[PDB]
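Peer 1: Once you've had a glance at the structure underneath, I'll fire off some questions.
This is the structure:
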(Lines of atoms letter the chains of each structure in order from A and count residues from 1; the text may use other names and numbers.)
(Lines give C-alpha, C1' and ligand atoms only; values in the text may rest on other atoms or scores of the structure.)
Protein backbone atom coordinates (compact mmCIF):
# COMPACT_ATOMS: atom_id res chain seq x y z
CA UNK A 1 0.00 0.00 0.00
CA UNK A 2 1.03 3.59 -0.75
CA UNK A 3 1.46 6.36 1.82
CA UNK A 4 -0.17 9.72 1.19
CA UNK A 5 2.17 12.66 1.19
CA UNK A 6 -0.71 15.05 2.00
CA UNK A 7 -2.29 13.69 5.21
CA UNK A 8 -3.48 17.08 6.39
CA UNK A 9 -5.12 18.09 3.13
CA UNK A 10 -6.65 14.61 2.85
CA UNK A 11 -8.40 15.14 6.19
CA UNK A 12 -9.56 18.68 5.43
CA UNK A 13 -10.79 17.57 1.98
CA UNK A 14 -12.79 14.72 3.53
CA UNK A 15 -14.50 17.21 5.86
CA UNK A 16 -15.27 19.69 3.08
CA UNK A 17 -16.85 17.00 0.89
CA UNK A 18 -19.07 16.08 3.85
CA UNK A 19 -20.07 19.67 4.65
CA UNK A 20 -20.18 21.46 1.25
CA UNK A 21 -20.10 18.85 -1.55
CA UNK A 22 -22.14 20.98 -3.91
CA UNK A 23 -19.84 23.98 -3.51
CA UNK A 24 -16.76 22.05 -4.64
CA UNK A 25 -15.23 23.85 -7.59
CA UNK A 26 -16.73 27.24 -6.75
CA UNK A 27 -16.38 28.03 -3.03
CA UNK A 28 -13.72 25.41 -2.20
CA UNK A 29 -11.41 23.36 -4.38
CA UNK A 30 -8.42 21.05 -3.97
CA UNK A 31 -5.77 21.40 -6.70
CA UNK A 32 -2.31 19.98 -7.39
CA UNK A 33 0.42 21.58 -9.44
CA UNK A 34 0.70 25.03 -7.86
CA UNK A 35 3.83 27.12 -7.41
CA UNK A 36 4.46 29.44 -4.49
CA UNK A 37 5.46 32.49 -6.46
CA UNK A 38 8.84 33.32 -5.04
CA UNK A 39 11.67 34.53 -7.26
CA UNK A 40 15.08 32.83 -7.52
CA UNK A 41 16.93 35.50 -5.57
CA UNK A 42 14.55 34.92 -2.66
CA UNK A 43 12.81 31.51 -2.62
CA UNK A 44 10.61 32.54 0.29
CA UNK A 45 9.21 35.73 -1.07
CA UNK A 46 5.86 34.06 -1.85
CA UNK A 47 5.44 34.84 1.88
CA UNK A 48 4.39 38.48 1.76
CA UNK A 49 4.69 39.40 5.43
CA UNK A 50 4.33 43.09 6.19
CA UNK A 51 6.10 45.20 7.32
CA UNK A 52 9.06 42.73 7.47
CA UNK A 53 10.90 44.17 10.48
CA UNK A 54 12.04 41.99 13.34
CA UNK A 55 14.16 42.92 16.37
CA UNK A 56 13.75 46.64 15.56
CA UNK A 57 11.26 48.91 17.33
CA UNK A 58 11.90 51.60 14.67
CA UNK A 59 11.05 49.20 11.77
CA UNK A 60 13.94 50.28 9.58
CA UNK A 61 13.65 47.32 7.18
CA UNK A 62 10.41 47.78 5.21
CA UNK A 63 11.30 45.28 2.47
CA UNK A 64 8.05 43.37 3.08
CA UNK A 65 5.86 46.34 2.19
CA UNK A 66 8.07 47.32 -0.75
CA UNK A 67 7.92 43.73 -2.07
CA UNK A 68 4.11 43.59 -1.81
CA UNK A 69 3.58 46.75 -3.88
CA UNK A 70 6.07 45.60 -6.51
CA UNK A 71 4.41 42.19 -6.78
CA UNK A 72 0.95 43.75 -7.18
CA UNK A 73 2.28 46.02 -9.93
CA UNK A 74 4.24 43.23 -11.64
CA UNK A 75 1.37 40.74 -11.62
CA UNK A 76 -1.14 43.25 -12.99
CA UNK A 77 1.37 44.53 -15.53
CA UNK A 78 1.67 40.99 -16.91
CA UNK A 79 -2.09 40.73 -17.37
CA UNK A 80 -3.22 39.92 -20.88
CA UNK A 81 -6.95 39.24 -20.25
CA UNK A 82 -8.40 39.83 -16.76
CA UNK A 83 -7.73 41.52 -13.41
CA UNK A 84 -9.99 40.49 -10.50
CA UNK A 85 -9.83 42.33 -7.14
CA UNK A 86 -11.83 42.01 -3.93
CA UNK A 87 -11.37 43.75 -0.59
CA UNK A 88 -13.26 45.28 2.30
CA UNK A 89 -14.39 48.83 1.64
CA UNK A 90 -13.13 51.44 0.99
CA UNK A 91 -12.14 51.18 -2.69
CA UNK A 92 -8.38 51.16 -3.35
CA UNK A 93 -6.59 54.36 -2.40
CA UNK A 94 -3.09 55.58 -1.72
CA UNK A 95 -0.26 53.23 -2.55
CA UNK A 96 -2.54 50.32 -3.52
CA UNK A 97 -4.31 52.54 -6.04
CA UNK A 98 -0.95 53.70 -7.39
CA UNK A 99 0.11 50.06 -7.87
CA UNK A 100 -3.15 49.17 -9.62
CA UNK A 101 -2.83 52.18 -11.95
CA UNK A 102 0.82 51.47 -12.76
CA UNK A 103 0.16 47.80 -13.50
CA UNK A 104 -2.86 48.55 -15.69
CA UNK A 105 -0.90 51.19 -17.59
CA UNK A 106 1.96 48.72 -18.11
CA UNK A 107 -0.41 46.04 -19.44
CA UNK A 108 -2.06 48.57 -21.77
CA UNK A 109 1.34 49.76 -22.99
CA UNK A 110 2.12 46.18 -24.04
CA UNK A 111 -0.96 46.15 -26.31
CA UNK A 112 -3.49 44.37 -24.09
CA UNK A 113 -7.20 44.91 -23.64
CA UNK A 114 -8.41 43.86 -20.20
CA UNK A 115 -11.57 43.10 -18.29
CA UNK A 116 -11.27 44.34 -14.71
CA UNK A 117 -13.58 43.68 -11.72
CA UNK A 118 -13.18 45.46 -8.37
CA UNK A 119 -15.57 44.40 -5.59
CA UNK A 120 -15.72 45.75 -2.03
CA UNK A 121 -17.85 44.78 0.95
CA UNK A 122 -19.48 47.56 2.97
CA UNK A 123 -20.74 47.58 6.54
CA UNK A 124 -24.30 48.95 6.19
CA UNK A 125 -23.22 52.17 7.94
CA UNK A 126 -20.04 52.95 5.95
CA UNK A 127 -21.85 54.06 2.79
CA UNK A 128 -19.90 57.33 2.47
CA UNK A 129 -16.50 55.81 1.66
CA UNK A 130 -18.27 53.61 -0.93
CA UNK A 131 -19.30 55.51 -4.07
CA UNK A 132 -18.54 53.20 -7.03
CA UNK A 133 -19.27 55.69 -9.82
CA UNK A 134 -16.86 58.07 -8.09
CA UNK A 135 -14.18 55.39 -7.87
CA UNK A 136 -14.71 54.32 -11.49
CA UNK A 137 -14.28 57.91 -12.65
CA UNK A 138 -11.17 58.57 -10.52
CA UNK A 139 -9.47 55.39 -11.68
CA UNK A 140 -10.39 56.18 -15.30
CA UNK A 141 -8.88 59.67 -14.96
CA UNK A 142 -5.67 58.35 -13.45
CA UNK A 143 -5.33 55.75 -16.24
CA UNK A 144 -5.43 58.34 -19.01
CA UNK A 145 -5.38 56.87 -22.51
CA UNK A 146 -4.76 53.45 -20.97
CA UNK A 147 -8.41 53.61 -19.92
CA UNK A 148 -9.46 53.09 -23.54
CA UNK A 149 -8.34 49.45 -23.23
CA UNK A 150 -10.12 48.63 -19.94
CA UNK A 151 -13.63 47.17 -19.56
CA UNK A 152 -14.37 47.99 -15.91
CA UNK A 153 -16.86 46.75 -13.31
CA UNK A 154 -16.78 48.39 -9.83
CA UNK A 155 -19.24 47.45 -7.06
CA UNK A 156 -19.92 47.79 -3.35
CA UNK A 157 -22.14 45.13 -1.79
CA UNK A 158 -23.87 44.15 1.45
CA UNK A 159 -25.46 40.70 1.51
CA UNK A 160 -27.28 40.89 4.86
CA UNK A 161 -28.00 43.87 7.07
CA UNK A 162 -29.67 41.74 9.76
CA UNK A 163 -26.81 39.24 9.94
CA UNK A 164 -23.94 41.65 9.30
CA UNK A 165 -22.59 40.07 6.11
CA UNK A 166 -20.56 41.66 3.29
CA UNK A 167 -17.32 40.91 1.46
CA UNK A 168 -14.15 40.73 3.55
CA UNK A 169 -12.03 38.64 1.12
CA UNK A 170 -8.86 40.30 -0.17
CA UNK A 171 -7.88 38.80 -3.53
CA UNK A 172 -5.90 39.81 -6.64
CA UNK A 173 -6.18 37.31 -9.51
CA UNK A 174 -4.63 38.01 -12.93
CA UNK A 175 -5.61 36.02 -16.04
CA UNK A 176 -6.94 33.35 -13.69
CA UNK A 177 -3.29 32.22 -13.39
CA UNK A 178 -1.64 34.27 -10.61
CA UNK A 179 -3.15 35.12 -7.23
CA UNK A 180 -2.37 37.08 -4.09
CA UNK A 181 -4.57 36.76 -0.98
CA UNK A 182 -4.31 37.23 2.76
CA UNK A 183 -5.22 39.74 5.43
CA UNK A 184 -3.83 42.98 3.96
CA UNK A 185 -6.77 45.22 3.10
CA UNK A 186 -4.97 48.53 2.41
CA UNK A 187 -1.83 50.55 3.13
CA UNK A 188 -3.55 52.86 5.64
CA UNK A 189 -5.55 50.13 7.44
CA UNK A 190 -2.27 48.38 8.29
CA UNK A 191 -0.74 51.79 9.19
CA UNK A 192 2.06 51.19 6.69
CA UNK A 193 2.83 54.89 6.04
CA UNK A 194 3.66 55.01 9.73
CA UNK A 195 6.32 54.15 12.30
CA UNK A 196 3.88 51.81 14.10
CA UNK A 197 2.96 49.50 11.19
CA UNK A 198 0.59 46.56 11.66
CA UNK A 199 1.98 43.07 11.08
CA UNK A 200 0.11 41.13 8.39
CA UNK A 201 0.63 38.40 5.82
CA UNK A 202 -0.36 37.53 2.25
CA UNK A 203 0.75 34.72 -0.06
CA UNK A 204 1.46 34.83 -3.79
CA UNK A 205 1.18 31.80 -6.08
CA UNK A 206 0.57 30.74 -9.65
CA UNK A 207 -1.24 27.75 -11.08
CA UNK A 208 -4.58 25.99 -10.74
CA UNK A 209 -5.35 27.44 -7.28
CA UNK A 210 -5.46 30.90 -8.86
CA UNK A 211 -8.32 29.55 -10.96
CA UNK A 212 -10.04 28.52 -7.73
CA UNK A 213 -9.92 32.12 -6.49
CA UNK A 214 -11.39 33.29 -9.80
CA UNK A 215 -14.28 30.85 -9.43
CA UNK A 216 -14.91 32.15 -5.92
CA UNK A 217 -15.07 35.70 -7.28
CA UNK A 218 -17.44 34.52 -10.03
CA UNK A 219 -19.75 33.26 -7.27
CA UNK A 220 -19.81 36.68 -5.56
CA UNK A 221 -20.18 38.56 -8.86
CA UNK A 222 -23.01 36.31 -10.07
CA UNK A 223 -24.91 37.35 -6.93
CA UNK A 224 -23.78 40.98 -7.28
CA UNK A 225 -25.04 41.17 -10.87
CA UNK A 226 -28.30 39.41 -9.95
CA UNK A 227 -28.82 42.15 -7.36
CA UNK A 228 -27.34 45.15 -9.18
CA UNK A 229 -30.75 46.88 -9.25
CA UNK A 230 -31.28 46.57 -5.48
CA UNK A 231 -29.72 49.76 -4.11
CA UNK A 232 -29.85 48.40 -0.56
CA UNK A 233 -27.66 45.41 -1.55
CA UNK A 234 -25.42 46.56 -4.41
CA UNK A 235 -24.11 49.82 -5.85
CA UNK A 236 -22.66 49.07 -9.28
CA UNK A 237 -20.79 51.16 -11.84
CA UNK A 238 -19.32 50.16 -15.21
CA UNK A 239 -17.25 51.79 -17.93
CA UNK A 240 -18.83 52.83 -21.21
CA UNK A 241 -21.61 50.44 -22.20
CA UNK A 242 -20.10 47.37 -20.52
CA UNK A 243 -22.39 44.85 -18.85
CA UNK A 244 -22.14 43.26 -15.41
CA UNK A 245 -19.57 40.47 -15.83
CA UNK A 246 -21.05 37.80 -13.58
CA UNK A 247 -18.67 35.08 -14.81
CA UNK A 248 -15.59 36.83 -16.15
CA UNK A 249 -13.49 33.91 -14.95
CA UNK A 250 -15.45 30.99 -16.41
CA UNK A 251 -15.82 32.95 -19.67
CA UNK A 252 -12.30 34.33 -20.22
CA UNK A 253 -10.09 31.73 -18.45
CA UNK A 254 -10.44 27.91 -18.69
CA UNK A 255 -11.01 25.08 -16.17
CA UNK A 256 -8.23 22.58 -17.00
CA UNK A 257 -5.23 24.43 -15.69
CA UNK A 258 -1.60 23.56 -16.34
CA UNK A 259 0.69 22.90 -13.41
CA UNK A 260 3.28 25.52 -12.60
CA UNK A 261 4.85 23.77 -9.60
CA UNK A 262 4.40 20.87 -7.20
CA UNK A 263 2.47 22.39 -4.27
CA UNK A 264 -0.97 20.94 -3.31
CA UNK A 265 -3.50 23.46 -2.03
CA UNK A 266 -7.10 23.61 -0.84
CA UNK A 267 -8.68 26.93 -1.75
CA UNK A 268 -11.59 27.60 0.61
CA UNK A 269 -14.01 30.44 1.14
CA UNK A 270 -17.42 31.22 2.56
CA UNK A 271 -20.57 32.92 1.32
CA UNK A 272 -21.59 34.49 4.59
CA UNK A 273 -25.31 35.19 4.84
CA UNK A 274 -27.65 36.31 2.06
CA UNK A 275 -25.96 34.85 -1.02
CA UNK A 276 -26.93 31.18 -0.72
CA UNK A 277 -29.09 29.79 2.08
CA UNK A 278 -27.90 26.15 1.95
CA UNK A 279 -25.84 23.62 -0.06
CA UNK A 280 -28.76 21.49 -1.36
CA UNK A 281 -26.45 18.56 -2.07
CA UNK A 282 -25.12 18.40 1.49
CA UNK A 283 -26.13 15.57 3.83
CA UNK A 284 -24.18 17.14 6.72
CA UNK A 285 -26.06 16.73 10.00
CA UNK A 286 -23.87 17.87 12.96
CA UNK A 287 -29.55 33.64 16.10
CA UNK A 288 -25.99 32.15 16.12
CA UNK A 289 -24.65 31.23 12.68
CA UNK A 290 -21.18 30.34 14.00
CA UNK A 291 -22.34 27.73 16.53
CA UNK A 292 -26.01 26.86 15.89
CA UNK A 293 -26.82 26.94 12.15
CA UNK A 294 -26.15 23.80 10.10
CA UNK A 295 -27.24 25.46 6.86
CA UNK A 296 -24.82 28.34 7.45
CA UNK A 297 -21.95 25.87 7.79
CA UNK A 298 -22.82 24.26 4.46
CA UNK A 299 -22.33 27.56 2.59
CA UNK A 300 -19.34 28.63 4.72
CA UNK A 301 -16.95 25.71 4.27
CA UNK A 302 -14.00 27.83 5.45
CA UNK A 303 -15.20 27.55 9.07
CA UNK A 304 -15.25 23.74 8.91
CA UNK A 305 -11.95 23.81 6.98
CA UNK A 306 -10.14 25.74 9.70
CA UNK A 307 -11.46 23.50 12.47
CA UNK A 308 -10.44 20.44 10.41
CA UNK A 309 -6.92 21.84 9.94
CA UNK A 310 -6.61 22.12 13.72
CA UNK A 311 -7.98 18.58 14.08
CA UNK A 312 -5.40 17.21 11.64
CA UNK A 313 -2.44 18.24 13.80
CA UNK A 314 -0.34 15.39 15.17
CA UNK A 315 2.35 17.36 16.96
CA UNK A 316 1.89 21.13 17.18
CA UNK A 317 -0.32 24.06 16.16
CA UNK A 318 0.55 27.73 15.82
CA UNK A 319 -2.24 30.30 15.56
CA UNK A 320 -1.56 33.96 14.81
CA UNK A 321 -4.61 36.22 14.69
CA UNK A 322 -5.97 39.61 15.61
CA UNK A 323 -8.08 37.76 18.20
CA UNK A 324 -9.85 34.50 18.89
CA UNK A 325 -12.90 36.17 20.42
CA UNK A 326 -15.36 38.56 18.85
CA UNK A 327 -16.62 41.74 20.47
CA UNK A 328 -19.50 42.52 18.10
CA UNK A 329 -22.94 41.70 19.44
CA UNK A 330 -25.10 40.09 18.14
CA UNK A 331 -22.16 37.83 17.14
CA UNK A 332 -21.24 35.15 19.71
CA UNK A 333 -18.01 35.65 21.62
CA UNK A 334 -16.27 32.54 20.29
CA UNK A 335 -16.44 29.54 17.93
CA UNK A 336 -17.27 26.70 20.35
CA UNK A 337 -16.22 23.92 17.99
CA UNK A 338 -12.88 25.63 17.36
CA UNK A 339 -12.09 25.91 21.07
CA UNK A 340 -13.22 22.32 21.63
CA UNK A 341 -10.89 21.19 18.84
CA UNK A 342 -8.00 23.03 20.46
CA UNK A 343 -8.88 21.56 23.88
CA UNK A 344 -9.00 18.01 22.51
CA UNK A 345 -5.57 18.48 21.00
CA UNK A 346 -4.05 19.69 24.26
CA UNK A 347 -5.80 16.79 26.00
CA UNK A 348 -3.81 14.55 23.62
CA UNK A 349 -0.55 16.38 24.25
CA UNK A 350 -0.49 18.33 20.99
CA UNK A 351 1.10 21.75 21.57
CA UNK A 352 -0.93 24.89 20.87
CA UNK A 353 0.51 28.39 20.41
CA UNK A 354 -1.86 31.37 20.21
CA UNK A 355 -0.50 34.87 19.54
CA UNK A 356 -3.07 37.67 19.31
CA UNK A 357 -2.89 41.43 18.91
CA UNK A 358 -2.40 43.72 21.91
CA UNK A 359 -5.84 44.48 23.40
CA UNK A 360 -4.76 48.12 23.56
CA UNK A 361 -4.89 48.34 19.74
CA UNK A 362 -7.27 40.54 29.73
CA UNK A 363 -7.72 39.67 26.09
CA UNK A 364 -5.49 36.77 27.11
CA UNK A 365 -7.48 35.76 30.20
CA UNK A 366 -10.59 35.44 28.05
CA UNK A 367 -8.81 32.93 25.83
CA UNK A 368 -7.17 30.85 28.58
CA UNK A 369 -10.32 30.81 30.74
CA UNK A 370 -12.37 29.50 27.81
CA UNK A 371 -9.82 26.86 26.80
CA UNK A 372 -9.68 25.79 30.44
CA UNK A 373 -13.46 25.59 30.67
CA UNK A 374 -13.67 23.53 27.47
CA UNK A 375 -10.85 21.29 28.79
CA UNK A 376 -12.78 20.86 32.06
CA UNK A 377 -15.67 19.43 30.04
CA UNK A 378 -13.26 16.95 28.50
CA UNK A 379 -10.99 16.08 31.41
CA UNK A 380 -13.58 16.13 34.26
CA UNK A 381 -12.15 18.76 36.60
CA UNK A 382 -10.60 22.19 36.67
CA UNK A 383 -7.43 20.69 38.13
CA UNK A 384 -7.01 18.23 35.25
CA UNK A 385 -7.90 21.01 32.78
CA UNK A 386 -5.14 23.22 34.22
CA UNK A 387 -2.70 20.33 33.92
CA UNK A 388 -3.56 19.80 30.26
CA UNK A 389 -3.51 23.55 29.51
CA UNK A 390 -0.39 24.62 31.40
CA UNK A 391 1.54 21.67 29.98
CA UNK A 392 0.62 22.29 26.33
CA UNK A 393 -0.28 25.97 25.71
CA UNK A 394 1.70 29.03 24.70
CA UNK A 395 -0.45 32.19 24.88
CA UNK A 396 0.81 35.72 24.30
CA UNK A 397 0.21 39.09 22.68
CA UNK A 398 2.21 40.14 19.65
CA UNK A 399 5.52 42.02 19.67
CA UNK A 400 8.04 42.44 16.82
CA UNK A 401 10.98 43.64 18.97
CA UNK A 402 12.28 43.53 22.57
CA UNK A 403 10.35 46.76 23.25
CA UNK A 404 6.87 46.47 24.76
CA UNK A 405 5.62 49.02 22.19
CA UNK A 406 6.80 50.65 19.00
CA UNK A 407 9.53 53.25 19.37
CA UNK A 408 6.90 55.95 18.69
CA UNK A 409 4.69 54.96 21.64
CA UNK A 410 1.89 53.13 19.81
CA UNK A 411 1.25 49.47 20.70
CA UNK A 412 2.08 46.65 18.32
CA UNK A 413 -0.94 45.42 16.35
CA UNK A 414 -1.32 42.35 14.15
CA UNK A 415 -3.96 41.37 11.61
CA UNK A 416 -2.80 37.91 10.48
CA UNK A 417 -5.29 35.17 9.67
CA UNK A 418 -2.69 32.43 9.98
CA UNK A 419 -2.76 28.83 11.16
CA UNK A 420 0.09 26.35 10.81
CA UNK A 421 0.30 22.73 11.91
CA UNK A 422 3.15 20.22 12.24
CA UNK A 423 5.51 22.55 10.33
CA UNK A 424 3.71 21.09 7.32
CA UNK A 425 0.32 22.61 6.44
CA UNK A 426 -0.85 26.20 6.87
CA UNK A 427 -3.69 28.60 6.10
CA UNK A 428 -3.15 32.15 4.85
CA UNK A 429 -6.24 34.15 3.97
CA UNK A 430 -8.79 36.71 5.06
CA UNK A 431 -10.91 34.54 7.44
CA UNK A 432 -10.50 35.41 11.11
CA UNK A 433 -10.87 32.63 13.68
CA UNK A 434 -13.14 34.83 15.78
CA UNK A 435 -16.85 34.67 14.91
CA UNK A 436 -17.67 36.57 11.74
CA UNK A 437 -20.35 36.03 9.09
CA UNK A 438 -18.65 37.63 6.08
CA UNK A 439 -17.56 36.40 2.67
CA UNK A 440 -13.92 35.33 3.09
CA UNK A 441 -11.32 33.28 1.24
CA UNK A 442 -7.89 31.77 1.72
CA UNK A 443 -5.51 28.93 0.91
CA UNK A 444 -4.50 25.84 2.87
CA UNK A 445 -1.03 24.71 1.68
CA UNK A 446 0.65 21.37 2.49
CA UNK A 447 4.41 21.80 1.88
CA UNK A 448 7.00 21.09 4.62
CA UNK A 449 9.57 23.16 2.70
CA UNK A 450 7.25 26.18 2.62
CA UNK A 451 6.03 25.62 6.18
CA UNK A 452 9.65 25.65 7.41
CA UNK A 453 10.19 28.96 5.57
CA UNK A 454 7.11 30.24 7.39
CA UNK A 455 8.68 29.13 10.67
CA UNK A 456 12.02 30.80 9.92
CA UNK A 457 10.63 34.01 8.46
CA UNK A 458 7.53 34.60 10.58
CA UNK A 459 6.56 32.25 13.41
CA UNK A 460 10.01 31.78 14.96
CA UNK A 461 10.72 35.55 15.17
CA UNK A 462 7.15 36.21 16.24
CA UNK A 463 7.63 33.98 19.29
CA UNK A 464 11.17 35.15 20.03
CA UNK A 465 9.72 38.59 20.85
CA UNK A 466 6.13 37.76 21.84
CA UNK A 467 7.06 35.20 24.49
CA UNK A 468 7.81 38.12 26.78
CA UNK A 469 4.03 38.77 27.09
CA UNK A 470 3.06 35.14 27.67
CA UNK A 471 0.56 34.36 30.41
CA UNK A 472 0.91 30.64 29.65
CA UNK A 473 4.08 29.04 28.24
CA UNK A 474 4.62 25.33 28.86
CA UNK A 475 8.24 25.68 27.65
CA UNK A 476 9.13 27.83 30.72
CA UNK A 477 6.59 26.67 33.25
CA UNK A 478 4.57 29.86 33.05
CA UNK A 479 0.86 29.52 33.84
CA UNK A 480 -0.60 32.57 35.56
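Numbering (the entry's author numbering), first residue to last: 0 to 285, 300 to 374, 387 to 505. Where is the CB? At the ideal position from N, CA and C, for every residue including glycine.
I'd like the ranges of any alpha helix (DSSP H) spanning at least 4 consecutive residues and lying wholly in the stretch 454-484.
Peer 2: Whole alpha helix (DSSP H) segments, 4+ residues: 473-479.
Peer 1: Within 10 angstroms of the Cβ of residue 194, are there 16 or more other Cβ atoms? Answer buried if so, exposed if not.
Peer 2: It is exposed - the Cβ of residue 194 has fewer than 16 other Cβ atoms within 10 Å.
Peer 1: Which stretch, first to last residue, makes up the beta strand (DSSP E) that contains residue 31?
Peer 2: First-last of the beta strand (DSSP E) with residue 31: 27-35.
Peer 1: By the 10 Å Cβ neighbour count, where 16 or more other Cβ atoms means buried, how is residue 38 classified, buried or exposed?
Peer 2: The residue in question, residue 38, is exposed, as its Cβ has fewer than 16 Cβ neighbours within 10 Å.
Peer 1: Compute the beta-carbon to beta-carbon distance between residue 156 and residue 82, rounded to the nearest angstrom, for a pair I have assumed lies under 8 angstroms.
Peer 2: At roughly 18 angstroms, the Cβ-Cβ gap does not stay under 8 angstroms, so residue 156 and residue 82 are not in contact.
Peer 1: Grab the span of the alpha helix (DSSP H) containing residue 336 for me, first residue to last.
Peer 2: Here residue 336 belongs to no alpha helix (DSSP H), and DSSP marks it neither H nor E.
Peer 1: Can you give me the start and stop residues for the alpha helix (DSSP H) that residue 414 sits inside?
Peer 2: Taken as a continuous stretch (DSSP letters only), the alpha helix (DSSP H) holding residue 414 covers 407-415.
Peer 1: Under 8 angstroms by Cβ, that's how I've got residue 389 and residue 356 pegged, so tell me the actual separation to the nearest angstrom.
Peer 2: Not really, about 17 angstroms apart at Cβ, beyond 8 angstroms.
Peer 1: Between the Cα of residue 448 and the Cα atoms of 407, 328, 406, which residue gives the shortest distance?
Peer 2: Comparing Cα-Cα distances from residue 448 to each of 407, 328, 406, the minimum goes to 328.
Peer 1: Classify residue 230: buried if its beta carbon has 16 or more other beta carbons within 10 angstroms, exposed otherwise.
Peer 2: Label assigned to residue 230: exposed.
Peer 1: Could you tell me the boundaries of the alpha helix (DSSP H) in which residue 402 lies?
Peer 2: Per DSSP, residue 402 belongs to the alpha helix (DSSP H) from 388-404.
Peer 1: Which residues bound the beta strand (DSSP E) around residue 178?
Peer 2: Run containing residue 178: 177-181, per the beta strand (DSSP E) assignment.
Peer 1: Pull up the distance between the alpha-carbon of residue 203 and that of residue 71, whole angstroms please.
Peer 2: If you take the alpha carbons of residue 203 and residue 71, they lie about 10 angstroms apart.
Peer 1: Just the C-alpha distance for residue 250 and residue 66, rounded to the nearest angstrom, thanks.
Peer 2: The alpha-carbon atoms of residue 250 and residue 66 are separated by roughly 31 angstroms.
Peer 1: Taking residue 114 as part of the beta strand (DSSP E), name the residues at either end of that continuous run.
Peer 2: Segment 113-120, the beta strand (DSSP E) holding residue 114.
Peer 1: Would you mind sorting residue 263 into buried or exposed? The rule is 16 or more other CB atoms within 10 Å of its CB.
Peer 2: The residue in question, residue 263, is buried, as its Cβ has 16 or more Cβ neighbours within 10 Å.
Peer 1: Please report the distance separating the alpha-carbon of residue 494 from that of residue 18.
Peer 2: Cα to Cα, the separation comes out at about 38 angstroms.
Peer 1: So the candidates are 257, 471, 224, 3; which of them puts its Cα closest to the Cα of residue 244?
Peer 2: Ranking the options by Cα distance to residue 244, first place goes to 224.
Peer 1: Pick helix, strand or coil for residue 263, following the three-state DSSP scheme.
Peer 2: Strand at residue 263.
Peer 1: Provide the residue span of the beta strand (DSSP E) that contains residue 81, from first to last.
Peer 2: Counting along the chain, the beta strand (DSSP E) containing residue 81 begins and ends at 81-87.
Peer 1: Do you know how far the Cα of residue 496 is from the Cα of residue 406?
Peer 2: If you take the alpha carbons of residue 406 and residue 496, they lie about 21 angstroms apart.
Peer 1: Which residues share a DSSP beta bridge with residue 276?
Peer 2: Looking at the DSSP assignment, residue 276 forms no beta bridge with any residue, so it has no partner.
Peer 1: Helix, strand or coil for residue 366, going by three-state DSSP, please let me know.
Peer 2: Residue 366: strand per DSSP, three-state reduction.
Peer 1: With 16 other CB atoms within 10 Å as the buried threshold, where does residue 174 fall?
Peer 2: So residue 174 ends up on the buried side.
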